[PDB]
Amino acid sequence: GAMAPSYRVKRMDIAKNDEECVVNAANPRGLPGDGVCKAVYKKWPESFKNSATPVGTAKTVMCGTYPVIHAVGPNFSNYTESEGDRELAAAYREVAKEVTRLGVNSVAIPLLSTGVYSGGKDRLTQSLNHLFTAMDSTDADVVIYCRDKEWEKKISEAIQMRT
């Protein structure tokens, strides 16, 4: 584990991360997709071999020795708020199991279901709080990746508030 397990936020492309493994905001089919998924596909295309997995699950595939954890959050266009909330919490619980199993000391993670799977709603707080619920019991350094300047500030405020 990390000597003093921490949360940090970075506003940059998760394909450029400085961590021991990455979480992909994957689709269920293991397709190249859009947004974070497409960036992940460009950087680590070998990790898409048999990466298809259901909503609410995570499946790790190695790119060389570098683990890509494909985490499938729900598309809120299709799920009810209630069922989508359940599957989004479940996806993050499966990420925490994989990060523990891998024995990594750090992980790069995006906010699942916040972009094209958001169903047009701001889900920063919902998705970040499910991330915390799952990752708080892990000892990996967690680095959250985002692109929006206002989101970076809000994620940073949420991390510091708990410390």
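The first residue of the shown sequence is 1; numbering continues from there.
- The PDB entry records a higher mean C-alpha B factor for 31 to 39 than for its counterpart among 31 to 39 and 57 to 65.
- Mean CA temperature factor is higher for 114 to 122 when stretches 114 to 122 and 99 to 107 are set side by side in the entry.
- In the deposited entry, the Cα temperature factor of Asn50 sits in the top third of values across the chain's modelled residues.
- Annotation for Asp148: CA B-factor lies in the highest third of the chain's modelled residues.
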